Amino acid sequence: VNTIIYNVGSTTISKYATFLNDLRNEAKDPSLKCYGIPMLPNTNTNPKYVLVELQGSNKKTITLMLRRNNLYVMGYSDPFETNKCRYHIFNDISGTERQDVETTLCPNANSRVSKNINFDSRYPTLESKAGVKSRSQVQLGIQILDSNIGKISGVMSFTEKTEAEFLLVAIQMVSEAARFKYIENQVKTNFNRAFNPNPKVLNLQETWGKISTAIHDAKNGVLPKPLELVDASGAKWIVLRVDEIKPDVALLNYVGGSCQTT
């Protein structure tokens, strides 16, 4: 299990871009790809996880554990107390995976403390915890991500609202940005300011699996059936070919079976 480090406290659009590129190259399957777009690995492939160490201002760090298969965040850890490693596992993580998050995030058995996230990783759950009707009401941004790391890291106790806000920002700026070139671009274009995700970034996040299946199944660049998406203005956007959606997509969800590689 490799760790990718990104300093949020001091970066540039180029460093952010290199970060996402390293994560994509680390997450992706060496050989899997459809129409030039790299695809995530099978649940069987090792390693199964990838760590993302986020270095914020004021020496505040938080490490995110990501499942390579779908890039979902399983949980995160932070340096706690003196030399203790505090791991936080999502409520929706179960079975052997819970032990993997615990031992992968905090590899030192003698000095690890736990603080479970008492809710699941679904956006609607995160949005209700954060106290909003939609995550579009929560601004994303480098400085915002840095600020949230400071509210969590090393902090004895924090509200579920504060933890949810952190998750909402971290997931979209890390996982969602790695999956979609479009979302990466939105971040870079608004790099020096806070911004609200437009209808297209939220739609893209919510239909990633469908897009991945559609592209994998497309024949001669034509989607099996018309894909109804939403553009940046909030208007219906009908896609018929892979060429029309490919520019906004960096990574495909794992879809079993063969597909036209290029």
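Numbers follow the displayed sequence, beginning with 1.
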{"property": "Higher-B stretch (mean Cα B-factor, as the entry records it), 201-209 or 233-241", "result": "233-241"}
{"property": "124-132 or 151-159, whichever carries the higher mean Cα B-factor", "result": "151-159"}
{"property": "Highest-ranked of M65, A218, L54, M39 once sorted by CA temperature factor in the record", "result": "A218"}
{"property": "Residue selected from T104, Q186, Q172, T82 by maximal Cα B factor", "result": "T82"}
{"property": "Assigned third (lowest, middle, highest) for the C-alpha B factor of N190", "result": "lowest"}
{"property": "Among modelled residues of the same chain, the CA temperature factor third for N21", "result": "lowest"}
{"property": "CA B-factor placement of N253, once the chain's modelled residues are sorted into thirds", "result": "lowest"}
{"property": "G95 by Cα B-factor - lowest, middle or highest third of the modelled chain", "result": "highest"}
{"property": "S114, C-alpha B-factor rank within chain (lowest, middle or highest third)", "result": "highest"}
